[PDB]
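Source file upload_30.cif; content: mmCIF, C-alpha atoms.
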data_input
loop_
_atom_site.label_atom_id
_atom_site.label_comp_id
_atom_site.auth_asym_id
_atom_site.auth_seq_id
_atom_site.Cartn_x
_atom_site.Cartn_y
_atom_site.Cartn_z
CA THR A 1 -0.44 -1.97 19.84
CA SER A 2 -3.68 -2.36 17.84
CA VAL A 3 -4.14 -5.64 15.90
CA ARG A 4 -7.39 -6.45 14.13
CA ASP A 5 -8.73 -9.70 12.91
CA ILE A 6 -10.36 -7.86 10.10
CA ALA A 7 -11.66 -10.97 8.34
CA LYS A 8 -12.80 -12.38 11.73
CA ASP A 9 -10.97 -15.54 10.66
CA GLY A 10 -7.45 -15.15 11.93
CA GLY A 11 -7.16 -14.95 8.10
CA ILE A 12 -5.75 -11.43 8.22
CA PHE A 13 -4.37 -9.63 11.17
CA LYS A 14 -3.80 -5.97 10.68
CA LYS A 15 -1.29 -4.39 13.01
CA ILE A 16 -1.38 -0.59 13.21
CA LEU A 17 2.10 0.96 13.10
CA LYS A 18 0.88 4.55 12.44
CA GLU A 19 -2.65 5.73 13.07
CA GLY A 20 -4.40 7.48 10.22
CA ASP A 21 -6.29 10.76 10.23
CA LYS A 22 -10.06 11.33 10.49
CA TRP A 23 -12.99 8.96 10.66
CA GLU A 24 -13.41 7.92 7.05
CA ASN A 25 -12.35 4.53 5.52
CA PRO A 26 -12.60 3.73 1.85
CA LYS A 27 -15.48 1.60 0.43
CA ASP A 28 -15.79 -0.95 -2.31
CA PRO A 29 -16.21 1.41 -5.19
CA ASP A 30 -13.51 3.91 -4.17
CA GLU A 31 -10.20 4.27 -5.79
CA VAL A 32 -7.47 4.02 -3.17
CA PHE A 33 -3.80 4.99 -3.44
CA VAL A 34 -1.46 2.81 -1.37
CA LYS A 35 2.11 1.82 -0.99
CA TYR A 36 3.13 -1.60 0.20
CA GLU A 37 5.73 -4.20 0.50
CA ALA A 38 4.60 -7.79 0.53
CA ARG A 39 6.92 -10.48 1.82
CA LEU A 40 7.07 -14.14 2.59
CA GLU A 41 7.71 -15.03 6.29
CA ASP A 42 11.41 -15.31 5.58
CA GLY A 43 11.61 -11.71 4.49
CA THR A 44 11.66 -12.41 0.76
CA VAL A 45 9.97 -9.47 -0.98
CA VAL A 46 7.52 -10.75 -3.53
CA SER A 47 5.88 -7.46 -4.45
CA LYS A 48 6.29 -3.80 -3.65
CA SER A 49 4.90 -0.48 -4.75
CA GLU A 50 5.86 3.09 -3.86
CA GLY A 51 2.35 4.03 -4.94
CA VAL A 52 -0.47 2.41 -6.84
CA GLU A 53 -4.17 3.04 -7.16
CA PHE A 54 -6.95 0.50 -7.43
CA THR A 55 -10.62 0.18 -7.01
CA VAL A 56 -11.23 -1.42 -3.73
CA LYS A 57 -13.70 -4.09 -5.03
CA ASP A 58 -11.37 -5.02 -7.90
CA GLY A 59 -8.49 -5.61 -5.46
CA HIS A 60 -4.84 -5.47 -5.99
CA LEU A 61 -2.14 -8.14 -5.50
CA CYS A 62 -4.29 -10.46 -3.34
CA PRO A 63 -7.59 -10.38 -1.42
CA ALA A 64 -5.93 -9.05 1.73
CA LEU A 65 -5.19 -5.49 0.43
CA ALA A 66 -8.77 -4.61 -0.39
CA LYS A 67 -10.02 -6.19 2.84
CA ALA A 68 -7.33 -4.29 4.78
CA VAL A 69 -7.87 -0.78 3.23
CA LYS A 70 -11.64 -0.81 3.89
CA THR A 71 -10.63 -0.75 7.55
CA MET A 72 -7.93 1.88 7.32
CA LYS A 73 -7.91 5.61 7.64
CA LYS A 74 -6.00 8.14 5.66
CA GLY A 75 -2.33 7.90 6.37
CA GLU A 76 -2.74 4.66 8.28
CA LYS A 77 0.35 2.35 8.08
CA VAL A 78 -0.07 -1.34 8.93
CA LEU A 79 1.65 -4.76 8.87
CA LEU A 80 -0.72 -7.49 7.65
CA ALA A 81 -0.12 -11.14 8.71
CA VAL A 82 -1.95 -12.92 5.96
CA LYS A 83 -2.97 -16.60 5.60
CA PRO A 84 -2.94 -18.22 2.15
CA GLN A 85 -6.72 -18.06 2.07
CA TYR A 86 -6.40 -14.25 1.72
CA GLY A 87 -3.10 -14.45 -0.12
CA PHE A 88 -2.40 -16.67 -3.03
CA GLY A 89 -4.06 -19.78 -1.74
CA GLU A 90 -3.15 -23.21 -3.06
CA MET A 91 -1.97 -21.97 -6.45
CA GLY A 92 0.72 -19.65 -4.97
CA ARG A 93 2.20 -17.32 -7.53
CA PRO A 94 5.01 -17.70 -10.08
CA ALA A 95 7.94 -15.26 -10.20
CA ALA A 96 8.45 -12.25 -12.69
CA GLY A 97 7.98 -8.56 -11.62
CA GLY A 98 8.97 -13.22 -5.61
CA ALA A 99 7.40 -16.50 -6.35
CA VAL A 100 4.89 -17.27 -3.65
CA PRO A 101 4.71 -20.99 -2.65
CA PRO A 102 1.29 -22.73 -2.47
CA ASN A 103 -0.17 -22.29 0.97
CA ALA A 104 2.31 -19.60 1.96
CA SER A 105 1.49 -16.95 4.49
CA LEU A 106 2.53 -13.34 3.75
CA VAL A 107 3.66 -10.41 5.64
CA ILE A 108 2.57 -7.08 4.16
CA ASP A 109 3.58 -3.52 5.05
CA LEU A 110 0.71 -1.34 3.74
CA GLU A 111 0.10 2.41 3.85
CA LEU A 112 -3.22 3.92 2.78
CA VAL A 113 -2.20 7.29 1.40
CA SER A 114 -5.48 8.70 0.15
CA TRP A 115 -8.43 7.76 -2.01
CA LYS A 116 -11.21 9.08 -4.20
CA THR A 117 -14.75 8.46 -3.23
CA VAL A 118 -16.90 6.82 -5.87
CA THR A 119 -20.71 6.86 -5.67
CA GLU A 120 -22.82 4.31 -7.67
CA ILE A 121 -25.82 6.12 -9.05
CA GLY A 122 -29.14 4.96 -10.44
CA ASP A 123 -31.42 2.04 -9.50
CA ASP A 124 -28.92 -0.05 -11.62
CA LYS A 125 -25.77 1.27 -9.79
CA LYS A 126 -24.21 1.33 -13.23
CA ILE A 127 -23.27 5.08 -13.22
CA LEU A 128 -20.07 5.72 -11.22
CA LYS A 129 -19.31 9.22 -10.00
CA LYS A 130 -15.79 9.64 -8.67
CA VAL A 131 -15.20 12.86 -6.78
CA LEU A 132 -11.99 14.62 -7.82
CA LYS A 133 -12.58 17.79 -5.91
CA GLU A 134 -15.15 18.08 -3.14
CA UNK A 135 -17.75 20.83 -3.47
CA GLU A 136 -19.23 23.04 -0.79
CA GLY A 137 -21.48 22.45 1.66
CA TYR A 138 -24.49 20.20 1.58
CA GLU A 139 -27.22 20.76 -0.91
CA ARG A 140 -27.43 19.44 -4.45
CA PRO A 141 -29.47 20.09 -7.54
CA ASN A 142 -32.97 18.62 -7.26
CA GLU A 143 -35.18 17.57 -10.11
CA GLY A 144 -36.01 20.69 -12.14
CA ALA A 145 -32.95 22.61 -10.89
CA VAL A 146 -31.18 24.70 -13.49
CA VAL A 147 -27.55 23.92 -13.22
CA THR A 148 -24.48 25.34 -14.77
CA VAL A 149 -21.68 22.88 -15.45
CA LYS A 150 -18.50 22.50 -17.33
CA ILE A 151 -18.09 19.16 -18.92
CA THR A 152 -15.64 17.23 -20.93
CA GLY A 153 -16.70 13.88 -22.43
CA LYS A 154 -14.02 11.22 -23.13
CA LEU A 155 -13.87 7.65 -24.33
CA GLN A 156 -12.17 5.13 -22.05
CA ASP A 157 -9.00 5.40 -24.16
CA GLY A 158 -8.34 8.95 -23.56
CA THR A 159 -10.21 10.55 -26.45
CA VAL A 160 -12.00 13.83 -25.74
CA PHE A 161 -15.11 13.99 -27.79
CA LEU A 162 -16.99 16.85 -26.08
CA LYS A 163 -16.19 20.02 -24.25
CA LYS A 164 -18.93 22.34 -23.12
CA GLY A 165 -19.41 25.15 -20.67
CA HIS A 166 -15.64 25.77 -20.13
CA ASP A 167 -14.44 29.38 -19.39
CA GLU A 168 -13.39 29.87 -22.97
CA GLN A 169 -16.86 28.79 -24.22
CA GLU A 170 -20.35 30.06 -23.73
CA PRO A 171 -21.77 29.01 -20.44
CA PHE A 172 -23.68 25.74 -20.37
CA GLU A 173 -26.80 25.50 -18.27
CA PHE A 174 -29.45 22.84 -18.30
CA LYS A 175 -32.55 21.97 -16.41
CA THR A 176 -32.32 18.55 -14.72
CA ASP A 177 -34.86 15.76 -15.24
CA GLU A 178 -35.99 17.01 -18.65
CA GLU A 179 -33.71 14.94 -20.83
CA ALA A 180 -31.71 18.05 -21.47
CA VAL A 181 -28.59 15.82 -21.27
CA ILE A 182 -27.71 12.06 -21.40
CA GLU A 183 -29.29 10.27 -18.53
CA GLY A 184 -25.93 9.54 -16.82
CA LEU A 185 -25.04 13.27 -16.61
CA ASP A 186 -28.58 14.16 -15.58
CA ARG A 187 -28.38 11.73 -12.59
CA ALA A 188 -24.84 12.52 -11.68
CA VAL A 189 -25.47 16.22 -11.35
CA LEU A 190 -28.37 15.57 -8.90
CA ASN A 191 -25.67 13.94 -6.79
CA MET A 192 -23.07 16.71 -6.86
CA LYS A 193 -22.35 19.76 -4.72
CA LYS A 194 -21.56 23.26 -5.86
CA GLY A 195 -17.98 23.40 -6.97
CA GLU A 196 -17.68 19.64 -7.01
CA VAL A 197 -15.53 18.28 -9.78
CA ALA A 198 -16.31 14.64 -10.60
CA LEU A 199 -15.44 11.92 -13.04
CA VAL A 200 -18.63 10.13 -14.21
CA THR A 201 -18.41 6.75 -15.88
CA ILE A 202 -21.56 6.15 -17.87
CA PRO A 203 -22.49 2.91 -19.75
CA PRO A 204 -24.05 3.27 -23.24
CA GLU A 205 -27.67 2.79 -22.21
CA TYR A 206 -27.36 5.92 -20.06
CA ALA A 207 -25.34 7.86 -22.61
CA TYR A 208 -25.43 7.74 -26.42
CA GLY A 209 -26.78 4.19 -26.66
CA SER A 210 -26.55 2.14 -29.85
CA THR A 211 -26.12 4.89 -32.37
CA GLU A 212 -22.87 6.69 -33.14
CA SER A 213 -22.57 10.25 -31.89
CA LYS A 214 -20.58 12.51 -34.29
CA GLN A 215 -18.71 14.82 -31.93
CA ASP A 216 -15.09 15.99 -31.89
CA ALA A 217 -14.53 12.27 -32.48
CA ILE A 218 -17.28 9.79 -33.23
CA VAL A 219 -18.43 8.01 -30.16
CA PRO A 220 -18.76 4.44 -31.46
CA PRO A 221 -22.20 2.86 -30.71
CA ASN A 222 -22.43 1.01 -27.41
CA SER A 223 -19.51 3.06 -25.81
CA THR A 224 -19.15 3.68 -22.15
CA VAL A 225 -18.12 7.23 -21.79
CA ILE A 226 -16.51 9.24 -19.05
CA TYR A 227 -17.58 12.79 -18.28
CA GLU A 228 -15.54 15.04 -16.22
CA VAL A 229 -18.01 17.46 -14.74
CA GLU A 230 -17.74 20.56 -12.65
CA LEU A 231 -20.98 21.78 -11.15
CA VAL A 232 -20.52 25.52 -11.21
CA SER A 233 -23.76 26.62 -9.57
CA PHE A 234 -27.43 25.75 -9.49
CA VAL A 235 -30.75 27.16 -8.54
CA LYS A 236 -33.08 24.63 -7.19
CA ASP A 237 -36.64 24.18 -8.32
#
Please go through the file and, once you have read it, give me the structure as structure tokens.
Amino acid sequence: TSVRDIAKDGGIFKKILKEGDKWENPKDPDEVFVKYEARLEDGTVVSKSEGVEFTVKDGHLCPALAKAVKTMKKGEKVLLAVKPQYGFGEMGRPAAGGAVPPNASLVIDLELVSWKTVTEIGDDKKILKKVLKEXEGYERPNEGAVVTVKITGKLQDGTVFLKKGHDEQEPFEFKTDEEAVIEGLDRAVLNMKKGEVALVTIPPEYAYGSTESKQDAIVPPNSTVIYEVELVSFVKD
């Protein structure tokens, strides 16, 4: 059976119990959906989830999960043998939700169910585009394309402040790279395929900046905003 020293440390050994599908593994920015059960060597269950999502680079539970999933395929099911270095280290963890002793090793059953691919856009990497529905095939708006999109703009709490281009509205078309839209939407759309539906997280300097925007609700100055965007079609320049 396959067993990887994924940290190249003996720090984490991943043992494949069920092979996953395809060739793709998730990457740091992606949002993965996993289930797991994490135990001490004596079988004590310290944490468990029948399904939780996280951004790979932000981690979940302890360094070993994010390290592990970046090596896993869709549907892969594994048992991780984890040293305290990649677990809870010298501090261990107090009980509440399995206390983990200082310097304890863990044993973790982990299944990668699925994930959403997130692209970092801009020189900055500060614009995140998370694909909710893949578009069709290859080819993307270029600078000067005229694009038709449906968009909804929300604050990070869930407040919808903008809706444009939906089927019950007039169609919304813009030309890219003309400042026809906030810079984060302009750059996102150059990175999308026809039919793609994406969630775009956009910091203030690439959205409404330091002045309030009076929309369905006021976007407070300095807000990061999330656009859900569907690229309906485009005609490249």
Item to complete: Just give me the gap between CA of residue 16 (chain A) and CA of residue 2 (chain A) in Å, one decimal is fine.
Response: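 That distance, rounded to one decimal, is 5.5 Å.
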Show me, as lines of an AutoDock Vina configuration file, the centre and edge lengths in Å to one decimal of the axis-aligned box that covers every listed atom of region 173-192 of chain A with 8 Å on each side.
center_x = -29.5
center_y = 17.5
center_z = -14.1
size_x = 28.9
size_y = 32.0
size_z = 30.7
Worksheet item: Within 9 Å of region 225-231 of chain A, counting all atoms listed in the file, which residues qualify if same-chain residues fewer than 5 places away don't, as a ChimeraX atom specification?
Response: /A:133,135,147-156,162,185,188-189,192-204,207-208,219
Please, which residues in region 36-143 of chain A fall within 8 Å of region 165-181 of chain A when counting only C-alpha atoms, and what is the closest atom pair and distance in Å to one decimal for each, ordered by chain then residue number, as CSV?
residue,atom,partner,partner_atom,distance
A:141,CA,A:176,CA,7.9
A:142,CA,A:176,CA,7.5
A:143,CA,A:177,CA,5.4
Worksheet entry | Interatomic distance (Å, one decimal) between CA of residue 163 (chain A) and CA of residue 32 (chain A) |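 If I compute the distance from CA of residue 163 (chain A) to CA of residue 32 (chain A), I get 27.9 Å.
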Item to complete: Please indicate the distance in Å from CA of residue 100 (chain A) to CA of residue 39 (chain A), rounded to one decimal place.
Response: 9.0 Å
Discussion item. I'd like the neighbourhood of residue 41 (chain A) as a list in words, where a residue qualifies if any of its atoms comes within 8 Å (using all atoms listed in the file), though same-chain residues fewer than 5 positions away should be ignored.
Written reply: residues 105, 106 and 107 of chain A
Worksheet item: Hey, which of A:91, A:56, A:146, A:79 ends up closest to residue 25 (chain A)? Count only C-alpha atoms.
Response: A:56
Worksheet entry | Shell of 6 Å around residue 110 (chain A), all atoms listed in the file, local chain residues under 5 positions omitted, as a list in words |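 These residues fall inside the cut-off: residues 35, 36, 77 and 78 of chain A.
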Practice prompt. Please write the residues picked by the PyMOL selection byres ((chain A and resi 53) around 9) on this file as a PyMOL selection string.
Written response: chain A and resi 31-35+51-52+54-55+60+115
Discussion item. Residues proximal to (-32.0, 2.2, -15.7) were defined as those with any atom within 9 Å of that point in the file's coordinates, counting only C-alpha atoms. Which are they, as a list in words?
Written reply: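 Residues found, by chain and rising number: residues 122, 123, 124, 125, 126, 183, 205 and 206 of chain A.
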Discussion item. So that I can see what lies close to residue 76 (chain A), please list as number ranges by chain the residues with an atom at most 7 Å from it, counting all atoms listed in the file and leaving out residues fewer than 4 positions away in the same chain.
Written reply: A: 18-20, 72, 111-112
Practice prompt. Select, from A:45, A:121, A:12, A:235, the residue with the minimum atom-to-atom distance to residue 97 (chain A), counting only C-alpha atoms.
Written response: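 Of all the options, A:45 lies closest to residue 97 (chain A).
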Discussion item. Using only C-alpha atoms for the distances, tell me which of A:164, A:82, A:7, A:74 is nearest to residue 23 (chain A).
Written reply: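 Between A:164, A:82, A:7, A:74, the residue approaching residue 23 (chain A) most closely is A:74.
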Worksheet item: With all atoms listed in the file as the atoms that count, which of A:44, A:210, A:71, A:114 lies nearest to residue 3 (chain A)?
Response: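 Closest residue, counting all atoms listed in the file: A:71.
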Discussion item. Please enumerate the residues selected by the PyMOL selection byres ((chain A and resi 98) around 6) when evaluated against the supplied file, formatted as a PyMOL selection string.
Written reply: chain A and resi 46+95+99
Kindly output region 175-190 of chain A as a short mmCIF file (atom, residue, chain, number, x, y, z; two decimals), in the frame of the given file, after building N, CA and C atoms.
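See out-v5.cif below for the written result:
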data_model
loop_
_atom_site.label_atom_id
_atom_site.label_comp_id
_atom_site.auth_asym_id
_atom_site.auth_seq_id
_atom_site.Cartn_x
_atom_site.Cartn_y
_atom_site.Cartn_z
N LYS A 175 -31.63 22.39 -17.47
CA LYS A 175 -32.55 21.97 -16.41
C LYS A 175 -32.56 20.46 -16.21
N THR A 176 -32.42 20.01 -14.97
CA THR A 176 -32.32 18.55 -14.72
C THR A 176 -33.69 17.86 -14.84
N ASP A 177 -33.67 16.58 -15.18
CA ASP A 177 -34.86 15.76 -15.24
C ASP A 177 -35.78 16.18 -16.37
N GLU A 178 -35.21 16.67 -17.48
CA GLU A 178 -35.99 17.01 -18.65
C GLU A 178 -35.37 16.36 -19.87
N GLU A 179 -34.34 15.53 -19.68
CA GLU A 179 -33.71 14.94 -20.83
C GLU A 179 -32.96 16.00 -21.61
N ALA A 180 -32.59 17.04 -20.91
CA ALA A 180 -31.71 18.05 -21.47
C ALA A 180 -30.27 17.50 -21.74
N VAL A 181 -29.92 16.39 -21.09
CA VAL A 181 -28.59 15.82 -21.27
C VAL A 181 -28.71 14.28 -21.22
N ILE A 182 -27.67 13.54 -21.60
CA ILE A 182 -27.71 12.06 -21.40
C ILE A 182 -28.07 11.75 -19.96
N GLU A 183 -28.82 10.67 -19.80
CA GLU A 183 -29.29 10.27 -18.53
C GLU A 183 -28.18 10.14 -17.49
N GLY A 184 -27.02 9.60 -17.84
CA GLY A 184 -25.93 9.54 -16.82
C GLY A 184 -25.47 10.88 -16.27
N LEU A 185 -25.37 11.90 -17.11
CA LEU A 185 -25.04 13.27 -16.61
C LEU A 185 -26.23 13.86 -15.82
N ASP A 186 -27.42 13.59 -16.28
CA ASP A 186 -28.58 14.16 -15.58
C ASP A 186 -28.57 13.64 -14.12
N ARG A 187 -28.39 12.32 -13.95
CA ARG A 187 -28.38 11.73 -12.59
C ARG A 187 -27.16 12.05 -11.77
N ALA A 188 -26.01 12.07 -12.40
CA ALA A 188 -24.84 12.52 -11.68
C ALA A 188 -24.97 13.88 -11.03
N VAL A 189 -25.47 14.84 -11.78
CA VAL A 189 -25.47 16.22 -11.35
C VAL A 189 -26.41 16.35 -10.16
N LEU A 190 -27.52 15.58 -10.11
CA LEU A 190 -28.37 15.57 -8.90
C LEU A 190 -27.57 15.09 -7.71
#
